[PDB]
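Only one chain is given next, in structure tokens, and it is the form solved without the DNA.
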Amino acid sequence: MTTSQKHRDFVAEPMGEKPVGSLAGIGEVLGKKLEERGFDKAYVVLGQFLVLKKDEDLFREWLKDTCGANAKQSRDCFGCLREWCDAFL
């Protein structure tokens, strides 16, 4: 129910160079697969969200097909990345 404090902390201050696993919805195991995919930092992943014009269906299929994230974990990344943009873009 309550997103971990990271969700509010992430949309409360710049993302700087924090690691991908810092994004809400991405756990240490999942952050590792994206890292092997060339996404060693969160701003490279945010770029993907920007390239998908916030298409939620395209984003969710991209993350799931890219690492195998579940429907629950994709929802946290969508609202988490979408809310950061609302404050920083």
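Residue numbers run from 1 along the displayed sequence.
There is another form of this protein, the form deposited with the DNA bound, and it is not shown here; the text below is about that form.
The DNA is not shown here, and in the bound PDB entry it never comes within 4.5 Å of any heavy atom of residue 2.
Although the partner is absent here, residue 24 lies within 4.5 Å of the DNA in the bound PDB entry, judged by heavy atoms. Though the partner is left out of this view, residue 29 does reach within 4.5 Å of the DNA in the bound PDB entry, counting heavy atoms only. With a 4.5 Å cutoff on heavy atoms, residue 12 does not count as touching the DNA in the bound PDB entry; it lies far away. Annotation for 46-82: interface residues with the DNA in the bound PDB entry are 70, 71, 72, 73, 75 [heavy atom within 4.5 Å].
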